[PDB]
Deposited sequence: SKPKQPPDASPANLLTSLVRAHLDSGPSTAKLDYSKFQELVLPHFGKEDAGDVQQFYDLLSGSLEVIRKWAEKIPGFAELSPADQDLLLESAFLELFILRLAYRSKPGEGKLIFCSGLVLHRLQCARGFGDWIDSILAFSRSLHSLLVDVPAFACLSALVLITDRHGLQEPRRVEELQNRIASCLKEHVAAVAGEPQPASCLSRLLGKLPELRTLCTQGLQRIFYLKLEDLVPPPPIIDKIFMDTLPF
């Protein structure tokens, strides 16, 4: 029932296989490495997930019973990790095909310019995720475990740990019912490292300042830098 709730929240947070949008998709991308249009698209694809990941989190049983300050800190801290995990899972790295939570489908070369090298690190992680063959219930727990985790400055870190423990127990109980758990849990630290390169990319783009990040992305960037 926790599991059922987590699966409901996951499946309601992404596009139906029918609401997929191939109208912008380019099978072969023309030759011709960074313009204002590329930076705008990068911030737009990031910003497309903000509202979606907040509504998903609010359907995680227990999440709305954390303090409003802890809810905000967990969302800000996990935003990039959750954006990458959900993109990695949804996408088709065998075809270099990125599927965004709007249902927009883009080839890697159509967003490489905004993303920089990071998009190739994200596709490598997507290919490693796909090889584990994570079933939707397992992924509905894992994604919740990315958000519901210790972060510096939590008001009720013990209640965050207890909710994490419940979701971890829900996941272990599910993987047993169908060494493989620890390969799943192994993807969490890899996701943390991957999203360091996301923070590196935003730093570079703010230095370059072709187009500034929209306020909410800028705040996540500034707030998650320990300095």
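**Student:** When the deposited sequence is counted from residue 1, which ranges lack any model?
**Tutor:** Unmodelled stretches, in sequence order: 1 to 12, 45 to 46, 193 to 199.
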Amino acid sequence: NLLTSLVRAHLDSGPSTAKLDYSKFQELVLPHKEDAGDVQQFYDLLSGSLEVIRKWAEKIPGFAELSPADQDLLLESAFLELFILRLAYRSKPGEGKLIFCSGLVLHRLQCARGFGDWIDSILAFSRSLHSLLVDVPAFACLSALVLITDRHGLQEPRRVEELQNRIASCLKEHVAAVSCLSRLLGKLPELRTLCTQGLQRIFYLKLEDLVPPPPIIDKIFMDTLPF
From here on, numbers count along this sequence of modelled residues.
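The term rigid core refers to the most C-alpha atoms you can superpose between the two forms while keeping them within 1.5 Å.
**Student:** C-alpha RMS from this form in 7 other deposited structures of this protein, rigid core superposed: larger for 159 to 167 or 183 to 191?
**Tutor:** Stretch with the larger root mean square C-alpha distance in 7 other deposited structures of this protein: 183 to 191.
**Student:** Which of the two stretches, 22 to 30 versus 38 to 46, has its Cα atoms farther on average from this form in 7 other deposited structures of this protein when everything is superposed by the rigid core?
**Tutor:** Between the two stretches, 22 to 30 moves farther in 7 other deposited structures of this protein.
**Student:** Comparing 23 to 31 with 42 to 50, which stretch shows the greater average C-alpha B-factor in the deposited entry?
**Tutor:** Taking the mean C-alpha B-factor of 23 to 31 and of 42 to 50, the larger value falls to 23 to 31.
**Student:** On average, are the C-alpha B-factors higher in 181 to 189 or in 61 to 69?
**Tutor:** Between 61 to 69 and 181 to 189, it is 181 to 189 that shows the higher mean C-alpha B-factor.
**Student:** Among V160, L194, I202, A168, which residue carries the highest C-alpha B-factor recorded in the PDB entry?
**Tutor:** It is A168.
**Student:** In terms of the chain's CA B-factor thirds, is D209 lowest, middle or highest?
**Tutor:** Top third by C-alpha B-factor.
**Student:** Taking the chain's C-alpha temperature factors as the reference, tell me which third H130 falls into: lowest, middle or highest.
**Tutor:** CA B-factor rank for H130: middle third.
**Student:** Lowest, middle or highest third of the chain for the C-alpha temperature factor of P137?
**Tutor:** Highest third, going by the recorded CA B-factors of the chain.
**Student:** Comparing against every modelled residue in the chain, figure out the third that the C-alpha B-factor of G94 lands in (lowest, middle or highest).
**Tutor:** Answer is highest: the recorded C-alpha B-factor places it there.
**Student:** How does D117 rank on Cα B-factor within its chain, lowest, middle or highest third?
**Tutor:** Ranked within chain, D117 CA B lands in the highest tercile.
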